[PDB]
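got the complex split up, this is the first portion:
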Amino acid sequence: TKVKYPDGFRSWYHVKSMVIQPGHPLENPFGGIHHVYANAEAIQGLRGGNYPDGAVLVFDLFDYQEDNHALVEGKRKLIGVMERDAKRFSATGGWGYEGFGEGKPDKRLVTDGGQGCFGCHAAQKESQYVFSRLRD
């Protein structure tokens, strides 16, 4: 019933990025520069196919530093992970939700079975609970 740490996710396909700055409603706790990654199974779902069990999406969140009209990546704050298992994660729409503090496998963050994560993602039911869109 646990989401696997997504070993090697830094080698995966870069889906998209966004910056959430102070003053944005999601400033706590999603503030910073985030990169979304997708393994091969997740790419099948993102392209408009279906998500196979074993699809993984990673939200990779960096702190940033203000450097002379540049925002520069600082320390990693955390990763968010969605792992596809239609049966095992059926309580949260077939995705298991987990967070890892500083992206460390030993700092698991989710305490409520991912119901809190799923509460927000449920708005995206029509895109299989995934916000991110594939871009060129």
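Sure thing, it's come through. Numbering: from 1, shown residues only, chains lettered A, B, ... in the order given.

From now on I want contacts and neighbour counts done on CA atoms only, so please keep to that.
OK.

Spatially, what comes nearest to residue A:51 if we skip its sequence neighbours?
Among residues not flanking residue A:51 along the chain, residue A:45 sits closest, at 4.2 Å (C-alpha to C-alpha, 6 or more residues apart in numbering).

got a list of contacts for the strand or helix carrying residue A:35?
Assigned by DSSP states H and E, residue A:35 belongs to strand A:32-38. With C-alpha atoms under 8 Å, 6 or more residues apart in numbering as the contact definition, strand A:32-38 has outside contacts at A:9-10, A:12-21, A:55-64, A:73, A:132.

which among the residues you listed end up buried?
In these, burial by neighbour count holds for A:9, A:14-16, A:19-20, A:55-64, A:132, counting by 16 or more other C-alpha atoms under 10 Å.

Centre-most residue in chain A?
Central residue check for chain A by C-alpha atoms, centre = their mean: the C-alpha nearest the mean position is that of residue A:59, 2.9 Å away.

Verify the stated contact: it with residue A:80.
Yes - judged on C-alpha atoms under 8 Å, residue A:59 makes contact with residue A:80 at a distance of 4.8 Å.

what's the spacing between the residue located most distally from the centre of chain A and residue A:24?
No residue in chain A sits farther from the centre than residue A:68, which is 29.5 Å out by C-alpha atoms, centre = their mean. Distance of residue A:68 to residue A:24, computed by C-alpha to C-alpha, to the nearest Å: 22 Å.

And for residue A:1?
Residue A:1 is 34 Å from residue A:24, by C-alpha to C-alpha.

Which of the two has more residues huddled nearby?
residue A:24 (11 against 8; other C-alpha atoms under 10 Å).

what's near enough to touch the more buried one?
With C-alpha under 8 Å, 6+ apart, residue A:24 has no contacts at all.

From residue A:32, how far off is it?
Counting by C-alpha to C-alpha, the separation of residue A:24 from residue A:32 is 11 Å.

Give the next helix or strand downstream of the strand holding residue A:35.
helix A:40-46.

List phi and psi for the nearest residue to residue A:65 once chain neighbours are set aside.
Nearest residue to residue A:65, sequence neighbours excluded (C-alpha to C-alpha, 6+ apart): residue A:72, at 5.2 Å. For residue A:72, the backbone dihedrals (degrees, to the nearest 10) come out as phi -110, psi 140.

let's put chain B on the structure above:
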Amino acid sequence: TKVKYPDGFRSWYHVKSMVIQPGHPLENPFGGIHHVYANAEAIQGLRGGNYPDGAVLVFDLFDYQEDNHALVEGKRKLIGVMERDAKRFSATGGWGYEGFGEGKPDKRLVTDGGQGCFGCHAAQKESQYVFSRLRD
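Below is chain B, added to the chains above:
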């Protein structure tokens, strides 16, 4: 002696990202959110090896829109490309420098055989003319 368009670069390894905001010395024409990509050959150099012939680094530059203090990726502005060939690009330290307007193969931006690009990158001679560092 033209740099090849780096077909499939969006499937390559994501090295790092940075935001260049208005007022930055490099705003014209590098302003926006950029993502650095490396093919397998360029990863050998970024890890501390010699960059092999065929190494390619891509600077993928997106415009952004600030919306409620989120910076949201907009349209691709351009890609910058560095292609390693010690012999064919000897005049610019063994890297060929090109830009592609909107990331399109038909929109070549470099008009001076890459001397201006090389002029700034020459400061990084000790790291084989590459600014970006591998991060985990």
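
back to the contacts of residue A:24, now that we've got chain B?
B:68-70 (C-alpha atoms under 8 Å, 6 or more residues apart in numbering or on different chains).

What is the nearest of those to residue B:124?
Of all these, residue B:124 sits closest to residue B:70, with 32.5 Å by C-alpha to C-alpha.

Specify the beta-bridge partners of that closest one.
Counting by DSSP bridges, residue B:70 is bridged to residue A:20, residue B:67.

give the contact list for it.
By C-alpha under 8 Å, 6+ apart, the neighbours of residue B:70 are A:18-21, A:24.

same question, residue A:85
A:52-54, A:94-96.

Try it again at 7 Å.
A:53-54, A:94-95 (C-alpha atoms under 7 Å, 6 or more residues apart in numbering or on different chains).

In helices, which of these fall?
Using DSSP state H, no member of the contacts of residue A:85 sits in helices.

and those residues, which of them are in strands?
In strands, defined here by DSSP state E, the members of those are residue A:95.

got the angle for the helix or strand containing residue A:82 vs strand B:32-38?
Remark: residue A:82 resides in strand A:70-84, with elements defined by DSSP H and E. Per axes from the mean of the first three to the mean of the last three C-alpha atoms, to 10 degrees, the angle that strand A:70-84 makes with strand B:32-38 is 60 degrees.

gap between the residue nearest to the centre of chain A and residue A:32?
Separation of residue A:59 from residue A:32 (C-alpha to C-alpha) stands at 11 Å.

do the same with residue A:25
Applying C-alpha to C-alpha to residue A:25 and residue A:32 gives a distance of 13 Å.

quick one: which of those two has more around it?
residue A:32 (25 against 14; other C-alpha atoms under 10 Å in any protein chain shown).

can you list the residues of chain A near chain B?
Within chain A, the positions near chain B by C-alpha under 7 Å from any C-alpha of the partner chain are A:11, A:13-14, A:18-24, A:68-73.

Looking at those residues, which two lie furthest apart in space?
A:11 and A:23 (32.2 Å).

which of these two has more neighbours?
Neighbours were counted for residue A:11 and for residue A:23 using other C-alpha under 10 Å; residue A:11 has more, 16 against 12.

wouldn't the more buried one be in contact with residue B:11 here?
No - under the criterion of C-alpha atoms under 7 Å, residue A:11 is not in contact with residue B:11, lying 9.8 Å apart.
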